[PDB]
Amino acid sequence: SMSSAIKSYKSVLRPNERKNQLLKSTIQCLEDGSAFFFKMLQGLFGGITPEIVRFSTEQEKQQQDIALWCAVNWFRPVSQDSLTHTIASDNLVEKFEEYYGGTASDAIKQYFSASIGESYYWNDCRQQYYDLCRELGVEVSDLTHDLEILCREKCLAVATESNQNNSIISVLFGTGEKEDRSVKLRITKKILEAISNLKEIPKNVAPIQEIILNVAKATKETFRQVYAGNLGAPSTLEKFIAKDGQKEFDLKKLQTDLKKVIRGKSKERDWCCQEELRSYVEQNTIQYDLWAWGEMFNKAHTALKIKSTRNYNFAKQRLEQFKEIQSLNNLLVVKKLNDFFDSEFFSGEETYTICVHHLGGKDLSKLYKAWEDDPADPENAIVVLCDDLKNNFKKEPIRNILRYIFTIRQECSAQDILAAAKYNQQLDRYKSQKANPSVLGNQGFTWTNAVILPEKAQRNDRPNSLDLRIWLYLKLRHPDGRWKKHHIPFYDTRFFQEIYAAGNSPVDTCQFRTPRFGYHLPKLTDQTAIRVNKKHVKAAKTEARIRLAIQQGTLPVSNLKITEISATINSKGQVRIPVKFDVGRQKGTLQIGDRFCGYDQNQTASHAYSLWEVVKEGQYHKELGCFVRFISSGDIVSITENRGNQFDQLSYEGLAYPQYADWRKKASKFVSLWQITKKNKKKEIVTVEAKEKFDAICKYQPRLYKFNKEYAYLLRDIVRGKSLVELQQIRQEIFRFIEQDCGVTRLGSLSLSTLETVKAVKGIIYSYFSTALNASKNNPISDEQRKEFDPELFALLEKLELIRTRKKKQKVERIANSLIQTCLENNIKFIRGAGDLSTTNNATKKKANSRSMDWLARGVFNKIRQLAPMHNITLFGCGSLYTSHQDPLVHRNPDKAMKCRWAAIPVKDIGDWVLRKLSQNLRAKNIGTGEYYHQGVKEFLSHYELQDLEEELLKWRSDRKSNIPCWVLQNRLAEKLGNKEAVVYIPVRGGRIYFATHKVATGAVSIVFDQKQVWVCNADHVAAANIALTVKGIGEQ
RNA sequence: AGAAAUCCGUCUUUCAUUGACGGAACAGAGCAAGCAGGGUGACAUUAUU
DNA sequence: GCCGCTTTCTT
DNA sequence: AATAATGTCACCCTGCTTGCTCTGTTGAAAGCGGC
DNA sequence: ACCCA
Ligand SMILES: [Mg+2]
């Protein structure tokens, strides 16, 4: 089978005033018709029966809840605009049972008990269906009969069975001549009876073709006429007759197809209310037009069906969450846990939900055992817990809660305490959970065959300026009600460059004239002579480069074979153009010669890729069941040049320290002039010279962008206590920092550090507004107040946020492009990546959550997933569980293999942070990764002959003054490695070195460490290799 | 069928009328968190009397 | 063959 | 025994901000009559 | 576990 993809383009229409009136009026007409279809289909779907759902559900492998599918169509949370029969939440179960003739399911209970937003109210759509029957003047059962026909013909979507596009318009209201269904039904059943009791099953299709022709009394040239009356798209049976007599025959496939045809054409389309419905629609919309009625129907039907499907799934998920909540409801331990706030440790006035992460989670057990281990005197067992449970990611537990839980350890078990906390937060999430309202929405309308084909375009090409217009030929509705086609232009130099410009190449032939699809435009020259308005030069440049290419006979012509292009337009005049293109044949399973890759996402370092190949002989991998060979690894990079100099937009950290003295200087000059104020417990003002903080920032010689982020924090600190008068000089300093020289509005890469810098600058302006307007708990301040006080600076707030948004969008796009070019350059057909990565949650520290919000791991994954099929590259999502620590080609080849990560530190640079990490890893005698870090330190001590230090390391605590200082350990390693510049390998979490069994990273070199031969590899490249060699899917397998 | 238009964006103490470059989009609903001030409440380190 | 309409299609 | 510096953790508030997921859409393929 | 001082 032939796999394809979709690219799209997007711009704004530029009609003249007359055609603009026509277009806006037509769109308003379509929108009014869409609203009418929305209300009417709301009622119609309120009319469905359990039989209709059963018939639409019957052939589905997963069993379906017919009652829930009825409920999500009979009762809908809605906006005021489609609210016709308001029903109180209290009577939902009663009225549902009345309609269903049976007691409500528990999932339906959960659907009805769910919260809905402020502006949505429950609507009884079955009552609306009854009133619609009255409005049409037809009996309820007659409209139900027509509804059965519509759902049977797939004109409407019911449950898991989707609609067939907009065929409802042609089927119910069409003016033309229909199929002869009885002929088809009879022929189909007699061939199925001719083909289900064969005494020999042929391996080719020819005897079957002969049987079908004999059954239909037809030849191969007449079969379409005989079977379908020459009407409609070719059926499965026609295509079967058409194929070469030598193709392999699939009996089960053909029988399945014939069964579908028999099922779908066993009954007539014998309408009862066809003409009433058609008069109703024509009266409440416009006169019959298949396309316009289709557009109205599409908008309304899509809205309703997505909401009802979502509510079905949501109700089932809600029932499961409720069952879980009811299981953990041990109810006396729950109340002891929550009696904390009434106990004598909570000295506060405002309570909060006690969560599992407030209790140290799993590790609570350890605390428990210590209490029964060393009772009566607890407290230091509490702090050993807390101190061993510090992370830069996880929220740390609350002391007073642990203290209080000592008081009830004898009766409430750790099992049940954690169960109670989990119950707490689950219940909280469950009361908050909201059902989904049905709303028409703001989607635009699609004109079919809307774009003038590029070869038929009307070009007013000047020798020094190409015609850059693309014209739509749209049907528009005039005030008298007649339709007429009109020409409307628009500009899109991307669409012009990739598709629309006329190509004149003898041999160049490509899908899209863009670098990632293999085409590079020729460069401009000194004889190019661009002279346009400034706000047009970039677009102009593109035009020029196309002109030159046509001038050289070098511009390729699109090989896409476009016969029609649609255009989607909204009320704002925006136009969207989709282009479907074939990407090639659907790949089979891995064979020898297929190349695959994996990629690793990081936030302070580059993303990494690892490229592998399936081979005939060599390294066997059990999980893959084949021989593999490592090709190469690399950093994911997106480089642009400035007058010869290269910059990686994804990772550039800015100028080195000695390079930005002047900038630094001005900051210094400002900060000498100011102090930082602060309020003492006893309220009193305490000041500090603000320049000490600046010196602390400078001492470690940061690069420009970290320096700007830290200086932004310092400016925010300076702003805090000031008067209105002080805030004005500080304001000139703020503007100068933001806009001149190296401020964020002029300099900054796409790196994570730059995004954090911009957010810190926004923090400065926020603090300025809060200080100026005297914000407090008793005086919340607002945006209107902020704009009233200082519109310029408020506008910067918005501008900085827009800068961040554009940076992140560009960065996701560039990361995906870089990986895709790596794959295309190395003929990689398979990409594999973590669909697992964290976003944010309560149990995580706020700073980690904020960084993850700027990290966009999910966005990068989704972008790779969007781009890869455009080159017939298959992406698989996988779990990231332990992918930073597995030993490539050893792990699960055949058993688990894991090692810690390492850092290369000069012996010189080994401080107390190193000793802290050594001590901490040496007590890391725990499950998970810590095992491997404990091992690590062991090897370290063995490799550097530092066993005698071990005990000093185990007692190293960040408080102790008896701690072994760092210079002992530096002196020992200097003794042994010869000098103070010598690299020492220290086992550290997040280290960039991995000691690998095999050469699994480009540039890795072999060493012997603790008498084991190992490859010193980029740890991120190793993680990418692990991801590449993963085979089991995200959830489990 | 009407000569205009950056389609949307990125980088650089370099801002470019020949600098180097990147991108399927859209709608609604829902979920998750962040920030600035202001408050509460634990702990730790410094020192001291 | 184009344009604009119809219909059926289980790929 | 405290008081106070300075610093790290958590938990609230009002009003603003963004990332991500769900369920979809942007039709396919043939013949007709009038040009 | 991913993410990192
Ligand atoms: Mg990594």
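The chains referred to below are lettered A, B, ... by the order of the sequence lines, with proteins before strands, and numbering in each begins at 1.
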Enquirer: Note down whether D:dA29 puckers north or south, where north is a positive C1'-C2'-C3'-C4' and south a negative one.
Expert: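 Judging by the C1'-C2'-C3'-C4' torsion, which comes out negative, the sugar of D:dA29 sits south.
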Enquirer: If the cut-off is 4.0 Å, is A:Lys395 near the phosphate of D:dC11, judged by side-chain N/O to OP1 or OP2?
Expert: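 So the side-chain polar atoms of A:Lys395 do come within 4.0 Å of the phosphate oxygens OP1 or OP2 of D:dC11, strictly under.
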Enquirer: Return the pairing partner of D:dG7 with a 3.5 Å limit on both distances, Watson-Crick or G-U wobble; otherwise return none.
Expert: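 WC or wobble partner is B:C43.
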Enquirer: Would B:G9 and B:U40 qualify as a Watson-Crick or G-U pair, given that each of the two distances needs to be less than 3.5 Å?
Expert: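 So B:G9 is not base-paired to B:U40.
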Enquirer: Looking at A:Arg494, is its backbone amide N or carbonyl O close enough to the side chain of A:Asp492 to form a donor-acceptor pair, meaning the two atoms are under 3.5 Å apart?
Expert: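 Yes.
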Enquirer: According to the Watson-Crick and G-U wobble definitions, with both distances under 3.5 Å, which nucleotide is paired to E:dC3?
Expert: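 Base partner found: none.
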Enquirer: Determine the sugar pucker of D:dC11: a positive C1'-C2'-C3'-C4' angle counts as north, a negative one as south.
Expert: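 A north sugar, the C1'-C2'-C3'-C4' torsion of D:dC11 being greater than zero.
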Enquirer: Could you tell me the Watson-Crick or G-U partner of B:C15, where both distances fall under 3.5 Å? Say none if there is no partner.
Expert: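 B:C15 is paired with nothing.
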Enquirer: May I ask you to decide if A:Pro437's main-chain N or O and A:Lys307's side chain share a donor-acceptor pair within less than 3.5 Å?
Expert: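 Looks like yes, one N/O pair under 3.5 Å.
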Enquirer: Measure NZ/A:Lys394 against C1'/D:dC9 and give the value in whole Å, please.
Expert: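 Computing the A:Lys394:NZ to D:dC9:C1' distance gives 17 Å.
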Enquirer: Should A:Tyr652 be listed as having a side-chain N or O under 4.0 Å from OP1 or OP2 of B:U13?
Expert: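 So the side-chain polar atoms of A:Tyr652 do come within 4.0 Å of the phosphate oxygens OP1 or OP2 of B:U13, strictly under.
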Enquirer: Heavy atoms only, 4.0 Å cut-off, all strands: where does A:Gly748 land among base, sugar-phosphate and nothing?
Expert: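 Contact class for A:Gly748: sugar-phosphate only.
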Enquirer: When all nucleic acid strands are considered with a 4.0 Å heavy-atom cut-off, which category describes A:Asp662: base, sugar-phosphate, or nothing?
Expert: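 Base contact.
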Enquirer: Mind checking the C1' distance from B:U6 to B:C21? Whole angstroms is fine.
Expert: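 Those two atoms are separated by 16 Å.
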Enquirer: Where the side chain of A:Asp180 meets the backbone of A:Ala228, is there a donor-acceptor pair that is under 3.5 Å apart?
Expert: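 Checked: no pair found.
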Enquirer: Under 4.0 Å, heavy atoms only, any strand: does A:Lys538 hit a base, just the sugar-phosphate, or nothing?
Expert: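 It contacts base atoms.
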Enquirer: Please work out which of the three classes, parallel, tilted or perpendicular, describes the rings of A:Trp291 and A:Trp447, given edges at 30° and 60°.
Expert: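 If you compare the ring of A:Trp447 with that of A:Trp291, the planes turn out tilted.
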Enquirer: Using the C1'-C2'-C3'-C4' dihedral sign as the criterion, classify the sugar of D:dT8 as north or south.
Expert: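 Taking the sign of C1'-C2'-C3'-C4' as the criterion, D:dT8 has a north sugar, on the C3'-endo side.
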Enquirer: For A:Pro397, answer base if it contacts any base atom (sugar-phosphate contacts may also be present), sugar-phosphate if it contacts only those atoms, and nothing otherwise; contact means non-hydrogen atoms under 4.0 Å.
Expert: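 Nothing: the residue A:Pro397, judged by heavy atoms under 4.0 Å, touches no strand.
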Enquirer: Syn or anti for B:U13, taking syn as within 90° of 0?
Expert: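 Glycosidic conformation of B:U13: anti.
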Enquirer: Measuring only the P atom in each nucleotide, how far is B:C15 from B:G19? A whole number of Å is fine.
Expert: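 After rounding to an integer number of Å, I get 12 Å for this pair.
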Enquirer: For D:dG24, which nucleotide is its Watson-Crick or G-U wobble mate, given both distances must be under 3.5 Å?
Expert: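 Here D:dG24 is engaged in a pair, and the nucleotide opposite it is B:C26.
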Enquirer: How close or far is atom P of B:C7 from atom NZ of A:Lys541, stated in whole angstroms?
Expert: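 Answer to the nearest Å: 14 Å.
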Enquirer: So B:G19 and B:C11, Watson-Crick or G-U wobble pair with both distances under 3.5 Å, or not?
Expert: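 Yes, B:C11 pairs with B:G19, since both Watson-Crick or G-U wobble distances fall under 3.5 Å.
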Enquirer: Using atom types as modelled and distance alone, determine if a side-chain donor or acceptor of A:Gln603 lies under 3.5 Å from a backbone N or O of A:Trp855.
Expert: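 Not a single qualifying donor-acceptor pair exists.
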Enquirer: Nearest nucleotide by nearest heavy atom, which residue falls closer to the 5' end of DNA chain D, A:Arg576 or A:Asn842?
Expert: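 Result of the comparison: A:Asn842.
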Enquirer: Evaluate B:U12 against B:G37 for Watson-Crick or G-U wobble pairing; both distances have to be shorter than 3.5 Å.
Expert: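 Pairing fails for B:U12 and B:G37, missing the Watson-Crick or G-U definition.
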Enquirer: What is the nucleic acid contact for A:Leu750, judged by heavy atoms within less than 4.0 Å: base, sugar-phosphate only, or nothing?
Expert: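 Here A:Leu750 touches the backbone only, sparing every base.
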Enquirer: Any chance NZ of A:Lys394 has more than 12 other-residue heavy atoms, nucleotides or ligands included, within less than 6.0 Å?
Expert: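 No.
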Enquirer: Let me know the distance between CZ of A:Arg804 and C1' of D:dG19, rounded to the nearest Å.
Expert: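 So the two atoms are 11 Å apart, to the nearest Å.
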Enquirer: Indicate, with a heavy-atom threshold strictly under 4.0 Å, whether A:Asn849 touches base, sugar-phosphate, or nothing.
Expert: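 Sugar-phosphate, backbone atoms only, no base.
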Enquirer: Check this for me, if you would: do A:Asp461 and A:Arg459 make a salt bridge, where the nitrogen-to-carboxylate-oxygen distance has to be below 4.0 angstrom?
Expert: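 Salt bridge between A:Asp461 and A:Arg459, a charged N being under 4.0 Å from a carboxylate O: no.
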Enquirer: What contact category does A:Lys19 fall into here, base, sugar-phosphate, or nothing, at under 4.0 angstrom with non-hydrogen atoms?
Expert: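 Since a base atom lies under 4.0 Å of A:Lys19, the category is base.
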Enquirer: Using a heavy-atom cut-off of under 4.0 Å over every strand shown, decide if A:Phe495 touches base, sugar-phosphate, or nothing.
Expert: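 Result for A:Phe495 = nothing.
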Enquirer: Find the partner of B:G2: check Watson-Crick (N1-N3 plus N6-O4 or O6-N4) and G-U wobble (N1-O2, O6-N3) distances, both under 3.5 Å, and reply none if neither fits.
Expert: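 Partner of B:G2: none.
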Enquirer: Please work out if A:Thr840 contacts a base, only the sugar-phosphate, or nothing of the nucleic acid, heavy-atom cut-off 4.0 Å.
Expert: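 Contact class for A:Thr840: sugar-phosphate only.
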Enquirer: What residues, two or more places apart in sequence or in another chain, satisfy side-chain contact (heavy atoms from CB on, under 4.5 Å) together with A:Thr839?
Expert: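 A:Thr839 satisfies side-chain contact (heavy atoms from CB on, under 4.5 Å) with A:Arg858 once adjacent residues are dropped.
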Enquirer: Where does A:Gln866 reach the paired bases with its side chain, in the major or the minor groove, using a 5.0 Å cut-off?
Expert: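 Groove assigned: major.
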Enquirer: Pick base, sugar-phosphate or nothing for A:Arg545, based on heavy-atom distances below 4.0 Å to the nucleic acid.
Expert: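 Here A:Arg545 touches no strand at all.
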Enquirer: In whole angstrom, give me the gap between the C1' atoms of B:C35 and B:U18.
Expert: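 These two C1' atoms come out 45 Å apart once rounded.
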Enquirer: Enumerate the protein-to-nucleotides 4-8 of chain C contacts in which both atoms are nitrogen or oxygen and the separation is below 3.5 Å.
Expert:
unit_1 : atom_1 : unit_2   : atom_2 : d
C:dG4  : OP2    : A:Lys485 : NZ     : 2.8
C:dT6  : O3'    : A:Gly176 : N      : 3.2
C:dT7  : OP1    : A:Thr175 : N      : 3.4
C:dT7  : OP1    : A:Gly176 : N      : 2.8
C:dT7  : OP1    : A:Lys178 : NZ     : 2.5
C:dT7  : OP2    : A:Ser170 : OG     : 2.6
C:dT7  : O5'    : A:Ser170 : OG     : 3.2
C:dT8  : OP1    : A:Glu179 : N      : 3.1
C:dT8  : OP1    : A:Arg269 : NH2    : 2.5
C:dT8  : OP2    : A:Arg269 : NH1    : 3.4
C:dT8  : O3'    : A:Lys184 : NZ     : 3.3
C:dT8  : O2     : A:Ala233 : N      : 3.1

Enquirer: Does A:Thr446 have a side-chain nitrogen or oxygen under 4.0 Å from the phosphate oxygens OP1 or OP2 of D:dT25?
Expert: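 The answer is no; no side-chain N or O of A:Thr446 sits under 4.0 Å from OP1 or OP2.
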Enquirer: In whole angstroms, how far is the P atom of E:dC2 from the CE atom of A:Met853?
Expert: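 Going from CE in A:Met853 over to P in E:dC2 covers 24 Å.
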Enquirer: Looking at A:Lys7 and A:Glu498, is there a salt bridge between them, counting it only when a charged N and a carboxylate O are closer than 4.0 Å?
Expert: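 Counted as a salt bridge, because a side-chain N and a carboxylate O are separated by less than 4.0 Å.
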Enquirer: Indicate, with a heavy-atom threshold strictly under 4.0 Å, whether A:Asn774 touches base, sugar-phosphate, or nothing.
Expert: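 No contact.
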Enquirer: Does any nucleotide pair with B:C31 by Watson-Crick or G-U wobble geometry, both distances under 3.5 Å, and what is it?
Expert: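 Result: D:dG19.
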Enquirer: Using a 3.5 Å limit on both distances, find every run of at least three consecutive Watson-Crick or G-U pairs that involves DNA chain C.
Expert: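 When the pairs of DNA chain C are grouped into runs of at least three, the stems are C:1-9 with D:27-35.
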Enquirer: Pick base, sugar-phosphate or nothing for A:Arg858, based on heavy-atom distances below 4.0 Å to the nucleic acid.
Expert: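 Here A:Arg858 touches the backbone only, sparing every base.
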Enquirer: Whole angstroms only, please: what is the CZ-P distance between A:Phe314 and D:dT23?
Expert: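 One finds 12 Å between P of D:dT23 and CZ of A:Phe314, rounded.
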Enquirer: Ring of A:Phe393 versus six-membered ring of E:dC3: centres under 5.5 Å and planes under 30°?
Expert: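 Yes, A:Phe393 stacks on the base of E:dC3, since the ring centres sit under 5.5 Å apart and the planes are within 30°.
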Enquirer: In which groove do base atoms come under 5.0 Å of the side chain of A:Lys307?
Expert: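 Answer is minor; other groove empty.
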Enquirer: What pucker do you get for B:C15 when you go by the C1'-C2'-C3'-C4' torsion?
Expert: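 That sugar belongs to the south family, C2'-endo side.
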Enquirer: Got a donor-acceptor contact below 3.5 angstrom from the A:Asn570 side chain to the A:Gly444 backbone?
Expert: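 A pair under 3.5 Å: no.
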Enquirer: Would you say a side-chain N or O of A:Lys808 is under 4.0 Å from OP1 or OP2 of D:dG19?
Expert: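 Indeed, a polar side-chain atom of A:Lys808 lies that close.
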Enquirer: Please work out if A:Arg263 contacts a base, only the sugar-phosphate, or nothing of the nucleic acid, heavy-atom cut-off 4.0 Å.
Expert: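 Touches nothing.
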Enquirer: Given B:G34, is OP1 or OP2 found less than 4.0 Å from the side-chain N or O atoms of A:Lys762?
Expert: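 For B:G34, neither OP1 nor OP2 has a side-chain N or O of A:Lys762 closer than 4.0 Å.
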Enquirer: Indicate whether OP1 or OP2 belonging to B:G28 is found under 4.0 Å from a side-chain N or O atom of A:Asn442.
Expert: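 For B:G28, OP1 or OP2 has a side-chain N or O of A:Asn442 closer than 4.0 Å.
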Enquirer: Under 4.0 Å, heavy atoms only, any strand: does A:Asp648 hit a base, just the sugar-phosphate, or nothing?
Expert: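 The answer is nothing, as A:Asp648 stays clear of every strand by at least 4.0 Å.
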Enquirer: Under 5.5 Å centre to centre and under 30° between planes: does that hold for A:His487 and the six-membered base ring of B:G2?
Expert: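 No, aromatic ring not over the base.
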Enquirer: To the nearest angstrom, how far is A:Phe581 atom CZ from D:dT26 atom P?
Expert: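 From A:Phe581 CZ to D:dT26 P: 18 Å.
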